[PDB]
Amino acid sequence: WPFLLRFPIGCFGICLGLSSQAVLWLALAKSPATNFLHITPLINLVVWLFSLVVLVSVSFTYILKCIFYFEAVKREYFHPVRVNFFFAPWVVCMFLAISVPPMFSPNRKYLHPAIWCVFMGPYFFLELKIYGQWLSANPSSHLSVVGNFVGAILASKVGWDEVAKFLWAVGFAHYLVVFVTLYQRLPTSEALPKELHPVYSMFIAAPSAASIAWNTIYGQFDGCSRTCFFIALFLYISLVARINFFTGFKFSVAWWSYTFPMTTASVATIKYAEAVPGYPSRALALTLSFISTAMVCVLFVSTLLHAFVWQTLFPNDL
Amino acid sequence: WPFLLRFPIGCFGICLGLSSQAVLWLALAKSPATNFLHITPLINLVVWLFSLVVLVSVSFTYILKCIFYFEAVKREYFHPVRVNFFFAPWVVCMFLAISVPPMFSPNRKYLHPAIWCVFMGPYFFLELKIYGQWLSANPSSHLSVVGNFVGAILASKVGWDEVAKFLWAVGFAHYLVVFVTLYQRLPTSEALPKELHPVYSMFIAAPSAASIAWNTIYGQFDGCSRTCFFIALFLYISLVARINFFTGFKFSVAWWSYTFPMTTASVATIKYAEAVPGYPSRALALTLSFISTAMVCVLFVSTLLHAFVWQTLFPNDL
Amino acid sequence: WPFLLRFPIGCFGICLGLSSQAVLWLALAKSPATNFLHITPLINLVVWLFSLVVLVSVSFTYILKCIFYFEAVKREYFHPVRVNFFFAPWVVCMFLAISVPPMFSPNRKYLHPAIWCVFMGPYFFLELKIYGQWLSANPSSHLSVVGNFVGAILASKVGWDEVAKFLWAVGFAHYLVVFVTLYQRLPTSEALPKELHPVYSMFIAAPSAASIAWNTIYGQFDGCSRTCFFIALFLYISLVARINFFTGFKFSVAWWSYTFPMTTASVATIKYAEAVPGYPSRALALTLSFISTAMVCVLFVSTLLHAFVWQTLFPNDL
Ligand SMILES: CC(C)CCC[C@@H](C)[C@H]1CC[C@H]2[C@@H]3CC=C4C[C@@H](OC(=O)CCC(=O)O)CC[C@]4(C)[C@H]3CC[C@]12C
Ligand SMILES: CC(C)CCC[C@@H](C)[C@H]1CC[C@H]2[C@@H]3CC=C4C[C@@H](OC(=O)CCC(=O)O)CC[C@]4(C)[C@H]3CC[C@]12C
Ligand SMILES: CC(C)CCC[C@@H](C)[C@H]1CC[C@H]2[C@@H]3CC=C4C[C@@H](OC(=O)CCC(=O)O)CC[C@]4(C)[C@H]3CC[C@]12C
Ligand SMILES: [Cl-]
Ligand SMILES: [Cl-]
Ligand SMILES: [Cl-]
Ligand SMILES: [Cl-]
Ligand SMILES: [Cl-]
Ligand SMILES: [Cl-]
């Protein structure tokens, strides 16, 4: 009935809509293969702050939710679906950490190693606790895959090359089982808003994160980064082709969780253009970046215009 | 009751018996490690034409089947087993495309790129349609594995090295799930003609096709091509050892679908001899090629002598 | 009722407690990264003989068991759990073969190839027979994984580099399915002595054996050996963290089968220190070796003091 009680966790995904984008506009300002466009770095300055403000506000309201109604938090945690959203704040904070604007650090040779330890203490603690709790047959909504690759990226950025290999191995081990189990029962059309958002978006995006983590850790675009990227591209093509355009769709706030895969799948190709200099690669990167940015912007406008003039966004007594 | 109605799709496999062989006799005429044998290229000329004629005749009779009795085609398509034979004509045509005799093209530096696009338009269309139809728990008789590796070979031959990597990645992704699911319930003895031919032959042959596609695309026999080939060899050894010779077997026209794996597993070793010059490798390649050719020839003679003098080959009202 | 009838097969695991250790004390006497410690080779001399004596005695009593009560052997073999112990003698003998003290062979450039063939005749025969018997849905207690990597190590030591690749490929193929199937139902706490010892120890140790076999066969610590080792380390960390220390545990003779994984996971890190010269790697190797040796010694003392003064070690009429 009150505002605090009627608050879904999916609001974390809203941050995932923006923070990942904050990465891409940095790459377009520093990509050696995209110097034809005069993309000023100032475009990155007015996105990182917005993402940080959104994260701060959402974390604030969630903490105010926990301090008052603990029974709601306990009920939400003990769910077969909503567990995957408990890794969201760490991932969003890590994506914000990677994309610091150049103005803050004139010489960012290496970031201080405190942030990585601070952000992987609780992450491994929560992951181990969740896995142990669930272990005591569909092990697809209780294992984390995306966080390991982002952590490998962060560790490589900090300066611990050796550490990031462990995270990459753990992420690969956790991803193989999920890919084996889930692919046989992949959701069909007219099921995107059918209470599966925390699961099927971070399964077509993790293949792309590996293509970035491996390239960052090794520095050479070998065959390892040229296969996971193509697997992600094939999945993207399958989703684009199989969807039913004739049936159509209706607006939902839950669509914000499906913008992360296509947003993180364009930095992969913009970092792939650097390896193979050619017209098709640059055209593909540009068109994917354009469509991702346009969809993000139109979704933001729609959710802004559907929240203030009308007060029907928040469901009551879920 | 009539000839047109009583016509199984497995006739496509007959082409798979010959066209793949047309590849091998080309390799034996150009293998640098098999120049001791004075294998004239003329042996390849009188096999490619035969395979093309067989394909033309079988395609003709199948088209005449479709134009008259559409209900039979609809019933055959909506089956849990017979779907896998709907990828056969494209694979056979592609194998015929790879093994063009040298006489036709005096300087075959690169084939024209039209053929690959013409042959992968419908192939991807059909694969996507079939997967989407089945998705809407044994996902082993509705996914294609062999076609991707042959397409990678064809794309590498044409001149698009970059394209063939995508097909290789897709084939690997589709093969891993099939290998995981099927290996736990591998068919036992006295079950080869038990209505499973479209499935278990293209599971012990796809591991060998990768060893050829990777070598062709990269040009160096690295460790990637030295593991899938050994997996295929181990599967071959298991089939040879476990089969019950005491029980015996009876002649069946359906045996023509099991000659493709051993035929395509000998070009792998004849292209593996080129990497490691040694007596055991050459002996293994020669003996596998000999046994495959002998079995193909004896099967052809048996099916020819069991078709004209006696009119009991075609079952009535399946 | 009699001694011969009341004899479990798990006694083979006792040899696995010692023979693997005989390897480690050899490495500490020859590791270029552990020359600070003045570890004399004499420590290896008084362990290999002990392991050989234990193996001889246990094999003797098991043969005397088979010659008298064949029905007991038949009943033990036809069990859903006890099959995995039928590969133990070959593995222990192979581990004894690898760790021959230097004094016996002044110039051990290459071992004679007879031993490998003698030890892989029966091994492949038994593996194929067991797989064929079981095939005619939890395929986790009838497939062998560890033996292939040890065989690859032995073949590389003998001088047949090419042969050991086949064993590595077979081991990888058999391990992938086991890892996929078993990881979803990994045993929880208070279940280590719950009649699962032949299964869950050789699943957290096989990942480490690959890191040694690949390094031995190729001679360069590439990325292949730096991922399976980390997977094994992650599994080790998960076991250490998740176990319930508050509940405690009671002594059991069956604990001897769980000392093999941590014993074979320390030679991996002592051979990993040679690739990356650094303080953390050496400290990790030293502490793992110390804890493994201490646990082995305390378990041996406990099982010696629980066998002679008290006669309650052997259960009657299992
Ligand atoms: C969707 C993603 C996140 C899951 C991971 C899929 C893997 C099964 C793929 C991705 C990268 C692929 C590997 C990429 C790099 C190599 C090394 C590669 O080396 C070469 O490229 C040949 C010679 C050279 O250039 O070094 C040989 C194949 C192999 C092992 C590939 C095998 C299959 C791998 C491991
Ligand atoms: C039956 C087939 C079709 C399925 C594919 C099985 C894969 C799981 C195998 C086949 C090739 C193997 C890879 C082959 C090549 C490499 C790179 C390889 O590089 C080396 O050979 C070491 C140093 C060098 O020579 O480069 C390290 C292991 C690895 C990744 C192997 C890991 C396991 C792979 C991917
Ligand atoms: C727990 C174990 C026993 C199961 C095996 C897990 C595999 C899926 C892992 C282990 C080694 C990994 C491979 C290790 C070596 C390579 C080649 C590697 O080459 C590089 O390291 C980049 C450039 C170079 O240094 O050669 C690229 C990734 C890849 C294929 C890795 C992909 C994933 C592999 C095959
Ligand atoms: Cl970036
Ligand atoms: Cl996740
Ligand atoms: Cl060829
Ligand atoms: Cl297929
Ligand atoms: Cl050793
Ligand atoms: Cl085992």
# chains A, B, ... in the order shown; residues from 1 in each chain; ligands from 1
$ closest_atom_pairs --of "chain A" --to "ligand 2" --cutoff "12 Å" --atoms "only C-alpha atoms and all ligand atoms" --output "tab-separated table"
residue	atom	partner	partner_atom_place_in_ligand_line	distance
A:176	CA	ligand 2	8 (C)	11.5
A:222	CA	ligand 2	17 (C)	11.1
A:223	CA	ligand 2	17 (C)	9.6
A:224	CA	ligand 2	30 (C)	8.7
A:227	CA	ligand 2	35 (C)	11.2
$ interface_residues --of "chain B" --to "chain C" --cutoff "10 Å" --atoms "only C-alpha atoms" --output "PyMOL selection string"
chain B and resi 176+179-181+183-189+223+226-235+238+241-243+276
$ residues_around --residues "segment 303-317 of chain C" --least-positions-apart "6" --cutoff "12 Å" --atoms "only C-alpha atoms" --output "list in words"
residues 1, 2, 3, 4, 5, 6, 7, 8, 9, 10, 11, 14, 72, 251, 252, 253, 254, 255, 256, 296 and 297 of chain C
$ residues_near_ligand --ligand "ligand 8" --cutoff "8 Å" --atoms "only C-alpha atoms and all ligand atoms" --output "list in words"
residues 23, 24, 26, 27, 98, 99 and 267 of chain C
$ write_last_selection --atoms "N, CA and C atoms" --output "PDB file, in the first residue's frame"
ATOM      1  N   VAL C  23      55.199 -38.550  -5.376  1.00  0.00           N
ATOM      2  CA  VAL C  23      55.523 -37.639  -6.468  1.00  0.00           C
ATOM      3  C   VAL C  23      55.987 -36.296  -5.917  1.00  0.00           C
ATOM      4  N   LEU C  24      55.239 -35.747  -4.955  1.00  0.00           N
ATOM      5  CA  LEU C  24      55.471 -34.374  -4.518  1.00  0.00           C
ATOM      6  C   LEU C  24      56.864 -34.209  -3.924  1.00  0.00           C
ATOM      7  N   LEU C  26      59.419 -35.762  -4.624  1.00  0.00           N
ATOM      8  CA  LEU C  26      60.402 -35.732  -5.699  1.00  0.00           C
ATOM      9  C   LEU C  26      60.519 -34.327  -6.275  1.00  0.00           C
ATOM     10  N   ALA C  27      59.377 -33.678  -6.527  1.00  0.00           N
ATOM     11  CA  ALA C  27      59.395 -32.341  -7.112  1.00  0.00           C
ATOM     12  C   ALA C  27      60.101 -31.350  -6.199  1.00  0.00           C
ATOM     13  N   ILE C  98      55.932 -42.880 -12.379  1.00  0.00           N
ATOM     14  CA  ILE C  98      56.411 -41.540 -12.704  1.00  0.00           C
ATOM     15  C   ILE C  98      57.507 -41.103 -11.737  1.00  0.00           C
ATOM     16  N   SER C  99      57.396 -41.490 -10.468  1.00  0.00           N
ATOM     17  CA  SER C  99      58.226 -40.947  -9.394  1.00  0.00           C
ATOM     18  C   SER C  99      59.360 -41.884  -8.995  1.00  0.00           C
ATOM     19  N   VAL C 267      51.385 -30.334  -6.432  1.00  0.00           N
ATOM     20  CA  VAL C 267      52.378 -30.459  -7.490  1.00  0.00           C
ATOM     21  C   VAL C 267      52.033 -29.528  -8.649  1.00  0.00           C
TER      22      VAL C 267
END
$ atom_distance --atom1 "atom CA of residue 152 of chain B" --atom2 "atom CA of residue 213 of chain B"
6.1 Å
$ residues_near_ligand --ligand "ligand 5" --cutoff "7 Å" --atoms "only C-alpha atoms and all ligand atoms" --output "count of residues only"
7
$ residues_around --residues "residue 282 of chain B" --least-positions-apart "3" --cutoff "8 Å" --atoms "only C-alpha atoms" --output "list in words"
residues 33, 34, 270, 273, 277, 278, 279, 285 and 286 of chain B
$ residues_near_ligand --ligand "ligand 6" --cutoff "12 Å" --atoms "only C-alpha atoms and all ligand atoms" --output "PyMOL selection string"
chain B and resi 19-31+44+94-102+150+153-154+157+209+212-213+215-216+264+266-271
$ write_last_selection --atoms "N, CA, C and O atoms" --output "compact mmCIF listing (two decimals), in the first residue's frame"
# COMPACT_ATOMS: atom_id res chain seq x y z
N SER B 19 29.25 -38.43 -53.16
CA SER B 19 29.84 -37.10 -53.30
C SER B 19 31.03 -36.91 -52.37
O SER B 19 32.08 -36.39 -52.79
N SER B 20 30.90 -37.34 -51.11
CA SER B 20 32.03 -37.24 -50.19
C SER B 20 33.22 -38.03 -50.71
O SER B 20 34.37 -37.56 -50.63
N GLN B 21 32.98 -39.22 -51.27
CA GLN B 21 34.06 -39.98 -51.87
C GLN B 21 34.74 -39.19 -52.98
O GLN B 21 35.97 -39.26 -53.14
N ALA B 22 33.96 -38.41 -53.74
CA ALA B 22 34.54 -37.60 -54.80
C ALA B 22 35.58 -36.63 -54.26
O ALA B 22 36.50 -36.24 -54.99
N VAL B 23 35.45 -36.22 -53.00
CA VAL B 23 36.47 -35.38 -52.39
C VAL B 23 37.75 -36.17 -52.19
O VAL B 23 38.85 -35.72 -52.56
N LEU B 24 37.64 -37.38 -51.63
CA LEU B 24 38.82 -38.12 -51.20
C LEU B 24 39.74 -38.44 -52.38
O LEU B 24 40.95 -38.23 -52.30
N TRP B 25 39.16 -38.92 -53.48
CA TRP B 25 39.98 -39.25 -54.64
C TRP B 25 40.63 -38.02 -55.26
O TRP B 25 41.59 -38.17 -56.03
N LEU B 26 40.13 -36.83 -54.96
CA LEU B 26 40.86 -35.62 -55.34
C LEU B 26 42.09 -35.44 -54.47
O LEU B 26 43.19 -35.17 -54.98
N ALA B 27 41.94 -35.62 -53.15
CA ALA B 27 43.06 -35.44 -52.24
C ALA B 27 44.18 -36.42 -52.54
O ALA B 27 45.36 -36.05 -52.55
N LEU B 28 43.83 -37.69 -52.80
CA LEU B 28 44.84 -38.68 -53.15
C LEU B 28 45.55 -38.35 -54.45
O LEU B 28 46.64 -38.89 -54.70
N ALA B 29 44.98 -37.48 -55.27
CA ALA B 29 45.63 -37.03 -56.50
C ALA B 29 46.44 -35.76 -56.31
O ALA B 29 47.12 -35.33 -57.25
N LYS B 30 46.38 -35.15 -55.13
CA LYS B 30 47.11 -33.91 -54.88
C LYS B 30 47.80 -33.86 -53.52
O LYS B 30 48.42 -32.84 -53.20
N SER B 31 47.71 -34.92 -52.72
CA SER B 31 48.33 -34.91 -51.40
C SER B 31 49.85 -34.99 -51.52
O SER B 31 50.36 -35.94 -52.13
N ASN B 44 39.16 -39.03 -60.45
CA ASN B 44 38.21 -38.06 -59.91
C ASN B 44 37.18 -37.63 -60.95
O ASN B 44 36.06 -37.27 -60.58
N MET B 94 27.25 -28.78 -51.72
CA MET B 94 28.47 -28.11 -51.26
C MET B 94 29.68 -29.02 -51.39
O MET B 94 30.75 -28.57 -51.81
N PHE B 95 29.53 -30.30 -51.03
CA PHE B 95 30.64 -31.24 -51.20
C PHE B 95 31.00 -31.41 -52.67
O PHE B 95 32.18 -31.59 -53.00
N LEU B 96 30.01 -31.36 -53.56
CA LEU B 96 30.32 -31.37 -54.99
C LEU B 96 31.03 -30.09 -55.41
O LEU B 96 31.88 -30.13 -56.32
N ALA B 97 30.71 -28.96 -54.78
CA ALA B 97 31.34 -27.70 -55.14
C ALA B 97 32.82 -27.68 -54.76
O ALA B 97 33.64 -27.09 -55.46
N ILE B 98 33.17 -28.30 -53.63
CA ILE B 98 34.55 -28.27 -53.15
C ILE B 98 35.46 -29.07 -54.07
O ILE B 98 36.61 -28.69 -54.31
N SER B 99 34.96 -30.17 -54.62
CA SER B 99 35.79 -31.16 -55.31
C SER B 99 35.70 -31.04 -56.83
O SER B 99 35.65 -32.06 -57.53
N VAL B 100 35.66 -29.82 -57.36
CA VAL B 100 35.64 -29.64 -58.82
C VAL B 100 36.94 -30.19 -59.40
O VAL B 100 38.03 -29.91 -58.87
N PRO B 101 36.89 -30.99 -60.47
CA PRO B 101 38.12 -31.52 -61.05
C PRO B 101 38.99 -30.40 -61.58
O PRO B 101 38.49 -29.36 -62.03
N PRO B 102 40.31 -30.57 -61.53
CA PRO B 102 41.21 -29.51 -62.00
C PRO B 102 41.05 -29.17 -63.48
O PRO B 102 41.39 -28.05 -63.88
N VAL B 150 31.18 -27.40 -43.31
CA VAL B 150 31.30 -27.42 -44.76
C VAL B 150 31.20 -26.01 -45.32
O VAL B 150 31.91 -25.65 -46.27
N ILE B 153 34.46 -24.31 -44.79
CA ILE B 153 35.41 -24.76 -45.82
C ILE B 153 35.16 -24.03 -47.13
O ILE B 153 36.09 -23.53 -47.78
N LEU B 154 33.89 -23.94 -47.54
CA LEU B 154 33.56 -23.28 -48.80
C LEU B 154 33.90 -21.79 -48.76
O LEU B 154 34.41 -21.24 -49.74
N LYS B 157 37.56 -21.37 -49.09
CA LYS B 157 37.95 -21.61 -50.47
C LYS B 157 37.62 -20.41 -51.36
O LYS B 157 38.40 -20.06 -52.25
N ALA B 209 34.98 -33.06 -39.53
CA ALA B 209 34.85 -31.90 -40.42
C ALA B 209 35.50 -30.66 -39.83
O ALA B 209 36.02 -29.82 -40.58
N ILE B 212 39.17 -30.39 -40.57
CA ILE B 212 39.47 -29.95 -41.93
C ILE B 212 39.19 -28.47 -42.09
O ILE B 212 39.98 -27.74 -42.70
N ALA B 213 38.06 -28.00 -41.55
CA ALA B 213 37.69 -26.60 -41.69
C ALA B 213 38.70 -25.68 -41.02
O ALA B 213 39.09 -24.65 -41.59
N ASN B 215 41.91 -26.33 -40.32
CA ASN B 215 43.17 -26.38 -41.05
C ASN B 215 43.08 -25.54 -42.32
O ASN B 215 44.01 -24.79 -42.64
N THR B 216 41.95 -25.62 -43.03
CA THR B 216 41.79 -24.82 -44.24
C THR B 216 41.75 -23.33 -43.94
O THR B 216 42.39 -22.53 -44.63
N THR B 264 34.35 -39.32 -44.66
CA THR B 264 34.87 -38.00 -44.32
C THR B 264 35.92 -38.04 -43.22
O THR B 264 36.56 -37.01 -42.96
N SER B 266 38.56 -40.06 -43.38
CA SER B 266 39.82 -40.42 -44.01
C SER B 266 40.49 -39.24 -44.70
O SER B 266 41.73 -39.20 -44.77
N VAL B 267 39.72 -38.28 -45.21
CA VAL B 267 40.33 -37.05 -45.69
C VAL B 267 40.97 -36.29 -44.54
O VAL B 267 42.00 -35.63 -44.71
N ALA B 268 40.39 -36.40 -43.33
CA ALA B 268 41.00 -35.79 -42.16
C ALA B 268 42.41 -36.33 -41.93
O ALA B 268 43.36 -35.56 -41.73
N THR B 269 42.57 -37.65 -41.97
CA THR B 269 43.90 -38.21 -41.72
C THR B 269 44.83 -38.02 -42.91
O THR B 269 46.05 -37.91 -42.72
N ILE B 270 44.30 -37.96 -44.14
CA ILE B 270 45.18 -37.70 -45.27
C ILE B 270 45.66 -36.25 -45.26
O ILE B 270 46.73 -35.95 -45.82
N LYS B 271 44.92 -35.34 -44.64
CA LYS B 271 45.37 -33.97 -44.44
C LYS B 271 46.14 -33.80 -43.13
O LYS B 271 46.80 -32.77 -42.93
$ residues_around --residues "residue 190 of chain A" --least-positions-apart "3" --cutoff "10 Å" --atoms "only C-alpha atoms" --output "list in words"
residues 187, 193, 194, 243, 244, 247, 248 and 249 of chain A
$ write_last_selection --atoms "N, CA, C and O atoms" --output "PDB file, in the first residue's frame"
ATOM      1  N   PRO A 187      13.400 -19.128 -24.223  1.00  0.00           N
ATOM      2  CA  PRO A 187      12.033 -18.594 -24.280  1.00  0.00           C
ATOM      3  C   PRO A 187      11.627 -18.197 -25.691  1.00  0.00           C
ATOM      4  O   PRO A 187      12.438 -17.723 -26.490  1.00  0.00           O
ATOM      5  N   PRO A 193       8.264  -9.977 -21.359  1.00  0.00           N
ATOM      6  CA  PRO A 193       7.853  -9.493 -20.033  1.00  0.00           C
ATOM      7  C   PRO A 193       7.267 -10.554 -19.112  1.00  0.00           C
ATOM      8  O   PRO A 193       6.648 -10.191 -18.108  1.00  0.00           O
ATOM      9  N   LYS A 194       7.435 -11.838 -19.418  1.00  0.00           N
ATOM     10  CA  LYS A 194       6.824 -12.914 -18.635  1.00  0.00           C
ATOM     11  C   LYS A 194       7.701 -13.343 -17.460  1.00  0.00           C
ATOM     12  O   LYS A 194       7.986 -14.526 -17.276  1.00  0.00           O
ATOM     13  N   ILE A 243      11.746 -12.772 -33.611  1.00  0.00           N
ATOM     14  CA  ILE A 243      10.700 -12.003 -32.950  1.00  0.00           C
ATOM     15  C   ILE A 243       9.559 -11.714 -33.926  1.00  0.00           C
ATOM     16  O   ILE A 243       9.768 -11.518 -35.131  1.00  0.00           O
ATOM     17  N   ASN A 244       8.335 -11.714 -33.402  1.00  0.00           N
ATOM     18  CA  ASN A 244       7.134 -11.526 -34.210  1.00  0.00           C
ATOM     19  C   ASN A 244       6.801 -10.039 -34.256  1.00  0.00           C
ATOM     20  O   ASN A 244       6.321  -9.471 -33.270  1.00  0.00           O
ATOM     21  N   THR A 247       2.666  -9.329 -34.425  1.00  0.00           N
ATOM     22  CA  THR A 247       1.925  -9.334 -33.167  1.00  0.00           C
ATOM     23  C   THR A 247       2.071  -8.007 -32.432  1.00  0.00           C
ATOM     24  O   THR A 247       1.101  -7.497 -31.858  1.00  0.00           O
ATOM     25  N   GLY A 248       3.271  -7.434 -32.438  1.00  0.00           N
ATOM     26  CA  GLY A 248       3.513  -6.197 -31.732  1.00  0.00           C
ATOM     27  C   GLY A 248       3.782  -6.421 -30.256  1.00  0.00           C
ATOM     28  O   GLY A 248       3.938  -7.547 -29.774  1.00  0.00           O
ATOM     29  N   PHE A 249       3.839  -5.309 -29.526  1.00  0.00           N
ATOM     30  CA  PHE A 249       4.115  -5.357 -28.098  1.00  0.00           C
ATOM     31  C   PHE A 249       3.550  -4.107 -27.440  1.00  0.00           C
ATOM     32  O   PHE A 249       3.265  -3.106 -28.103  1.00  0.00           O
TER      33      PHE A 249
END
$ decode --residues "segment 97-110 of chain A" --atoms "C-alpha atoms" --output "CSV table (one decimal), in the first residue's frame"
chain,number,residue,atom,x,y,z
A,97,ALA,CA,34.5,2.6,-12.3
A,98,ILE,CA,35.8,1.5,-15.7
A,99,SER,CA,34.5,4.6,-17.5
A,100,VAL,CA,35.9,7.4,-15.4
A,101,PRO,CA,36.2,10.5,-17.6
A,102,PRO,CA,39.7,11.5,-18.6
A,103,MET,CA,39.4,15.0,-17.0
A,104,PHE,CA,39.4,13.6,-13.5
A,105,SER,CA,42.7,11.7,-13.9
A,106,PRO,CA,45.2,13.5,-16.2
A,107,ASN,CA,47.6,10.5,-16.1
A,108,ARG,CA,45.5,7.4,-15.4
A,109,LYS,CA,48.3,4.8,-15.8
A,110,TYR,CA,46.8,2.5,-13.2
